[PDB]
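For reference, the structure is listed below as structure tokens.
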Amino acid sequence: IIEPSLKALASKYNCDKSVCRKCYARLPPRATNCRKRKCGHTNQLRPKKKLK
Amino acid sequence: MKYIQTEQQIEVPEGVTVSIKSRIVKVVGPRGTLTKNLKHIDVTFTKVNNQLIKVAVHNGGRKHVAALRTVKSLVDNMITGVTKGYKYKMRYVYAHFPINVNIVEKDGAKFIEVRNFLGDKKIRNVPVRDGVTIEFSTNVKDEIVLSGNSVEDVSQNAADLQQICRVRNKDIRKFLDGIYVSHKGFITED
Amino acid sequence: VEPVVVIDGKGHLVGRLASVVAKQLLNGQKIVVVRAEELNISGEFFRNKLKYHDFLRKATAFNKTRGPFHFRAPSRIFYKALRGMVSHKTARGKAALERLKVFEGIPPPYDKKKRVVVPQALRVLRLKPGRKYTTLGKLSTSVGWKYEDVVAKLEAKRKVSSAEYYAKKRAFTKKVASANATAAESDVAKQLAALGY
Amino acid sequence: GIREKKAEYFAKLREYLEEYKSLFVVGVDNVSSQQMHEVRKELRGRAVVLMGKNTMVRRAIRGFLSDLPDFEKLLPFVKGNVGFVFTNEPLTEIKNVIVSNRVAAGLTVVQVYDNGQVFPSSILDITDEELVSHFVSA
Amino acid sequence: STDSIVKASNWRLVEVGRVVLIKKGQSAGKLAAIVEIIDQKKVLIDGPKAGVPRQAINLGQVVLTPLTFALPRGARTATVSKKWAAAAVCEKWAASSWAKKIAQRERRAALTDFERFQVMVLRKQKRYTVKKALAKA
Amino acid sequence: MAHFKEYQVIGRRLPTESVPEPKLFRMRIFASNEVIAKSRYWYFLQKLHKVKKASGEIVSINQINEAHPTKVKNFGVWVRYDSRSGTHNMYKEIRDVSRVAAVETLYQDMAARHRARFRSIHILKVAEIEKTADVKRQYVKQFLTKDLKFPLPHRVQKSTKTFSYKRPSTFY
RNA sequence: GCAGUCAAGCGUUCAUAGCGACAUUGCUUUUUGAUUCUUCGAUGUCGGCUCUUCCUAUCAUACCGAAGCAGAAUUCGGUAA
RNA sequence: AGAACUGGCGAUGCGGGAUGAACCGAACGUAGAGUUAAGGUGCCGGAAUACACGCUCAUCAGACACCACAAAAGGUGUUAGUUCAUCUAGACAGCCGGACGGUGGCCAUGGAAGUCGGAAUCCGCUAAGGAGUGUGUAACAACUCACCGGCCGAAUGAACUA
Ligand SMILES: [Zn+2]
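Line order of the protein sequences matches chains A, B, C, D, E and F.
Take the first sequence: its position 19, counting from 1, is numbered 73 in my numbering, and each next residue is one higher.
Take the second sequence: its position 83, counting from 1, is numbered 103 in my numbering, and each next residue is one higher.
Take the third sequence: its position 53, counting from 1, is numbered 56 in my numbering, and each next residue is one higher.
Take the fourth sequence: its position 11, counting from 1, is numbered 41 in my numbering, and each next residue is one higher.
Take the fifth sequence: its position 84, counting from 1, is numbered 120 in my numbering, and each next residue is one higher.
Take the sixth sequence: its position 60, counting from 1, is numbered 67 in my numbering, and each next residue is one higher.
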């Protein structure tokens with residue numbers, strides 16, 4: 055019922071992101087470092103894990 | 021290392037005019053006019069012809085230098101808005117609940133009105149900024165568009181409409197509903 | 004060099020101004036300050052606000068009403084800032100304070116008087132551009148001061164009258180600079196110029 | 031290796047600046063890879079064409095001043111997407127087959143060089159009616 | 037109109053051939069001209085007309101003029117004096133409002149109380165004219 | 008640790024009956040007096056050879072003025088400096104008029120950017136770059152551009168008095 | 001007592017979703033010790049009751065981020081006393 | 001807690017260390033004048049909001065030995081520097097032109113022509129070109145990259161150090 059085009063389109067906004075292993079923030083997926091001060095603007099990140 | 025002089029360049033095409041006085045910018049063209057204040061940056065300008073301006077910094081550090089480019093880019097954005105216009109198309113998304121969307125005016129306020137988002141009884145109301153205008157698409161379904169000369173207002177009310185329909189307490193990876201920006205371009209050149 | 008010294012709060016820096024006002028009072032000059040709300044403070048609003056809040060929580064825990072008094076209004080802000088720079092527990096210090104006056108906006112008895120400026124305390128002169136800073140009225144009205152909008156109203160009311168006055172005076176000076184040039188081309192003027200006048 | 035590949039390029043350039051008495055500096059701007067190839071099979075008769083980095087063209091021709099000193103004046107003409115068509119055939123034949131045949135307008139002839147001489151390629155296309163006004167009116 | 041409009045800060049540029057005033061030091065009250073640049077804050081100058089020796093300096097002791105002339109980089113002092121004379125820059129400086137106010141206050145310092153009473157009486161007479169002058173009009 | 012001068016210091020072991028005419032060593036020292044110069048001379052000579060001030064002698068201390076104290080030059084300086092947890096070598100470029108002014112600015116700059124002190128700094132070499140484009144560093148190159156010009160905005164009037172009557176201007 | 005770093009390994013796969021060996025840096029003085037500086041011409045020497053306040057290293061509630069979160073539920077984590 | 005050497009405090013005021021038995025300076029009859037000490041000169045406070053070179057902006061800055069604490073590990077914040085590498089025989093970045101022929105290479109099928117997928121990575125001319133890194137068509141058409149060349153012209157990347 056819900057189509058893959060808008061699926062990917064929304065994934066840009068909900069899924070296609072990266073995650074700080076410390077600050078837990080929702081980061082642009084291609085970023086190198088966390089934009090957040092509290093984690094020291096560190097580099098230790100990950101991708102937001104994928105669903106099912 | 022305190023770069024002694026750096027500069028960026030701005031084209032002014034035909035039919036456009038600009039007025040700068042103490043970092044107070046007027047930019048006029050066919051779409052209309054756009055104004056800005058940049059007194060929070062210390063920088064110099066120079067008309068060299070009616071076709072070009074230089075912006076310049078003398079003896080600036082790195083972060084001081086960085087603002088030159090974005091300021092130039094912002095000016096270019098204003099120019100492109102007052103000439104070509106800006107146009108931001110979104111798309112509605114839903115799998116079970118049809119998102120209901122209308123416009124409604126309280127004393128001429130023009131709040132966008134949203135209903136049935138995930139079946140909620142909640143009606144969401146988002147005001148319409150000045151200088152920005154909206155169109156529901158007919159040729160294609162659920163494609164509503166904003167447009168105007170001010171990218172700031174356009175982009176901001178668009179993202180307002182984005183973040184206002186943000187799901188709570190649910191795994192969005194499954195629950196992808198909302199309104200999401202599909203396209204951004206200009207009014208002109210299609 | 005004067006009986007009185009009327010000072011504009013605008014464009015200045017708090018601590019700098021306070022130090023100089025302090026020494027001037029303790030040398031015995033009578034001073035008066037206006038437009039305190041237009042003060043500029045180094046560093047951004049958030050830092051300054053946090054510092055005030057830290058100052059604000061500190062109180063005599065068993066009885067708040069005798070502890071430090073957290074005056075919000077810009078005048079009293081500068082007052083405290085300056086009292087920190089004085090032996091106000093002296094009779095001499097108390098005298099020095101009686102020599103002082105501070106106001107928001109600029110009321111009648113001074114608005115028609117000259118008022119001056121202190122280069123060592125000016126933001127643009129002292130504080131480097133490319134740096135952020137803070138406005139005292141914003142901070143005060145944030146942290147509990149009420150009467151800001153009144154200041155706007157009264158100051159605009161004043162400023163119009165001031166503008167009319169200045170332009171009236173300007174036309175008169177233009178008249179002067181017209182009617183005096185004829186004597187500027189005169190033997191007395193030539194002699195005075197030979198003498199350096 | 032790559033410098034040897036630059037040397038590999040430089041060699042064929044000297045190979046053709048010396049082996050051939052004439053050459054046509056030709057504008058290879060806009061010429062397709064298919065149009066460049068079809069010029070060879072027609073030029074397989076005499077002419078050989080040599081492309082490369084103009085900076086390597088100039089730096090190659092700059093190195094050839096001990097002997098071949100009159101090749102110095104190609105370097106003002108080593109500009110833009112251009113190339114040499116080294117040939118020994120007469121002027122108007124290779125010039126026409128370059129310019130007229132297998133052209134899509136779109137390769138022209140920038141400069142024709144031979145024995146330390148420079149032709150603007152315009153009088154090179156003079157068919158007739160120029161010598162009669164000189165011989166008769168004289 | 038179509039004409040784009042801008043003001044740009046017309047600053048006194050630091051350059052060669054740029055003439056300068058000395059604010060501090062033994063050469064206070066003197067003029068000179070730049071030869072060459074060292075950094076943002078350090079230059080090389082000479083004031084041979086003014087009698088300044090060729091030397092480097094920090095720019096805090098100095099103000100630029102609005103004036104300037106033509107000069108190549110690294111000009112030795114002789115050539116410097118030559119071009120200075122050729123451009124007649126001290127002459128031009130003298131026609132400044134600036135230099136005039138300077139020499140004025142120099143006089144005002146140099147005055148004698150007799151001359152000050154003279155100045156007073158002259159001001160008074162000038163004023164008596166000027167009052168009734170600016171009465172009719 | 009003051010306004011510096013350049014000395015050449017020549018020094019020698021003490022002559023023995025075994026070895027007379029020992030092997031005169033010279034050095035170019037940046038220092039504010041001959042005393043400090045001799046000290047550092049012996050410092051360095053100790054480091055290189057089995058000699059000290061007690062078994063040695065100084066033959067001559069001569070001040071070296073710049074040959075062209077007005078021609079603006081571009082020096083390259085090879086430096087060795089002790090950090091807190093290490094010691095390092097450096098090459099820095101300085102555009103200035105004299106070697107000694109370059110050295111002054113260098114000590115100030117190393118104290119500023121590395122919190123290094125004179126005791127911690129060894130000066131390996133000071134050498135003039137005769138041709139531009141052998142310069143390696145942009146913060147010097149931006150001053151070697153042709154026909155260089157720039158203004159000095161934000162001129163601040165340091166005021167003689169405490170009070171003024173007119174809000175001054177940064178025009179210049 | 002508490003918190004960090006590294007990560008061999010668990011976590012079906014996958015070191016780091018959550019855990020985390022071998023080590024390793026620190027914090028706290030609500031443990032208990034160590035000392036014995038003060039007080040032995042005298043500080044009323046458990047616990048409860050009642051009562052006010054302070055802390056936060058948050059159990060709940062507010063708003064949020066992440067998951068091996070489909071939903072429900074639960075966990076990790078944040079600004080927050 | 002216990003020892004070695006010295007100097008101190010105790011037995012000792014004074015100037016500074018805000019405060020402080022021991023630290024810094026200095027040891028004392030009563031007074032004056034001058035010069036200093038250690039320490040300090042924005043104001044409290046006497047003394048330059050003196051000069052100069054640079055660094056730093058902290059939603060938890062820092063601010064003086066004794067001394068009233070802090071680390072490990074980190075940071076594409078910033079500064080400066082070291083090594084390595086690409087690059088003036090023209091680099092990078094960015095723009096720009098070609099992005100071909102044998103050739104729609106082989107299987108897969110309603111259609112798959114370099115880009116749904118499965119299997120081979122060959123040759124020509126070439127400055128170079130992948131039997132293609134991708135957009136797009138029902139499939140071609142239509143572009144951009146791999147690779148190469150026009151342009152500018154000297155920069156560009158990485159890893160390290162404090
Ligand atoms: Zn983070």
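We put the CB at the ideal spot given by N, CA and C, even for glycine.
Reduced DSSP secondary structure (H/G/I, E/B, other) of residue i
i: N96(F); result: strand
i: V174(B); result: helix
i: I40(B); result: strand
i: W85(F); result: strand
i: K42(D); result: helix
i: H203(B); result: strand
i: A68(E); result: strand
i: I128(D); result: helix
i: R126(F); result: helix
i: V162(D); result: helix
i: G168(B); result: strand
i: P111(C); result: helix
Spatial distance of residue i from residue j (CA atoms)
i: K103(D); j: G57(D); result: 17 Å
i: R109(E); j: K117(C); result: 50 Å
i: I74(E); j: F206(B); result: 50 Å
i: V160(B); j: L60(A); result: 14 Å
i: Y179(F); j: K92(A); result: 44 Å
i: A122(E); j: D82(E); result: 16 Å
i: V50(E); j: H60(B); result: 27 Å
i: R82(B); j: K77(E); result: 19 Å
i: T38(E); j: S45(E); result: 23 Å
i: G80(B); j: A174(C); result: 44 Å
i: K54(C); j: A84(C); result: 13 Å
i: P112(C); j: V9(C); result: 11 Å
i: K106(A); j: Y78(A); result: 21 Å
i: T158(B); j: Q182(B); result: 21 Å
i: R76(D); j: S167(D); result: 39 Å
i: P27(F); j: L21(F); result: 8 Å
i: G63(F); j: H56(F); result: 11 Å
i: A124(E); j: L155(F); result: 24 Å
Closer than 7 Å at the beta carbon, the chain C residues around residue i
i: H84(B); result: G133
Contacts of residue i in chain A (Cβ-Cβ under 9 Å)
i: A115(B); result: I55 and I56
Chain-ordered chain E contacts of residue i [CB-CB under 7 Å]
i: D103(F); result: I74
i: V79(F); result: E72, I74 and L80
Interface residues of chain F facing residue i [CB-CB closer than 8 Å]
i: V55(E); result: Within 8 Å Cβ-Cβ: nothing; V55(E) doesn't reach chain F, min ~14 Å.
Residue i: contacting residues in chain E (beta-carbon distance under 9 Å)
i: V38(B); result: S40, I41 and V42
Cross-chain neighbours of residue i in chain B, by beta carbon under 7 Å
i: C69(A); result: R193
Exercise for review: Inspect the CB distances between the region 28 to 43 of chain C and the region 102 to 121 of chain C and report whether three or more fall short of 8 Å.
Suggested key: Yes, they touch.
**Study point:** Runs of beta strand (DSSP E) lying entirely within the region 69 to 110 of chain D, each at least 3 residues, in chain order
**Key:** 78 to 80
Check your understanding: Do the region 58 to 69 of chain D and the region 105 to 114 of chain D touch if we need at least three Cβ pairs shorter than 8 Å?
Key -> yes
Exercise for review: Determine, using beta-carbon pairs with one atom in the region 79 to 91 of chain A and one in the region 31 to 42 of chain B, whether at least three such pairs fall under 8 Å.
Suggested key: no
Check your understanding: Should the region 75 to 85 of chain D be called in touch with the region 42 to 56 of chain D, which here means at least 3 C-beta pairs below 8 Å?
Key -> yes
**Study point:** Those runs of the beta strand (DSSP E) which lie wholly inside the region 78 to 140 of chain B and span at least 3 residues
**Key:** 106 to 113, 120 to 124 and 131 to 135
Review point. Pairing CB atoms from the region 180 to 196 of chain B with CB atoms from the region 15 to 31 of chain C, are three or more of them under 8 Å?
Key: The answer is no - the region 15 to 31 of chain C does not touch the region 180 to 196 of chain B, with fewer than three Cβ pairs under 8 Å.
Review point. At what residue ranges does the region 111 to 183 of chain C contain a whole run of the alpha helix (DSSP H), taking only runs of 4 or more?
Key: 111 to 114, 126 to 129, 139 to 145 and 151 to 182
**Study point:** Touch test, the region 89 to 105 of chain E against the region 152 to 160 of chain D, Cβ-Cβ under 8 Å, three pairs minimum
**Key:** no
Practice item. Evaluate contact between the region 12 to 19 of chain F and the region 36 to 46 of chain F, counting only Cβ atoms and requiring at least three cross-stretch pairs below 8 Å. Key: yes
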